[PDB]
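Q: Here it is: the structure, laid out below.
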Amino acid sequence: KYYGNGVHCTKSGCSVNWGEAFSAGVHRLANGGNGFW
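Be aware that the sequence shown starts at 1, since it is given in the entry's author numbering, and climbs by one per residue.
Structure follows, in C-alpha cells:
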C-alpha cells in the first residue's frame, strides 16, 4: 500500500523504498522549474 510518500506496507510491514519516494519528491520538486506547468 503506497502512501503517496514512498511508503508501502509489504508482507504486512510498512517501509520506504526511498528511491521510490525520491522519485516522488523529485516529481514534486523538479516540477517547479521557473515555468512549464
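The beta-carbon is built from N, C-alpha and C at its ideal position, and this holds for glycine as well.
Whose CA, out of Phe36, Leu29, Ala24 and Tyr3, lies closest to the CA of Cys14?
A: The residue with the shortest Cα to Cα distance from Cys14 is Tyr3.
Q: Measure the alpha-carbon distance for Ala24 versus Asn31 and round it to whole angstroms.
A: Near 11 Å, if we compare the C-alpha coordinates of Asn31 and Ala24.
Q: DSSP has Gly35 in a bridge; who is on the other side?
A: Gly35 is bridged to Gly33.
Q: Roughly how many angstroms separate the alpha carbons of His8 and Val26, rounded to a whole number?
A: Straight-line Cα distance between these residues: approximately 18 Å.
Q: Please report the residue range of the beta strand (DSSP E) in which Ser15 lies.
A: Its beta strand (DSSP E) spans residues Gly13 to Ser15.
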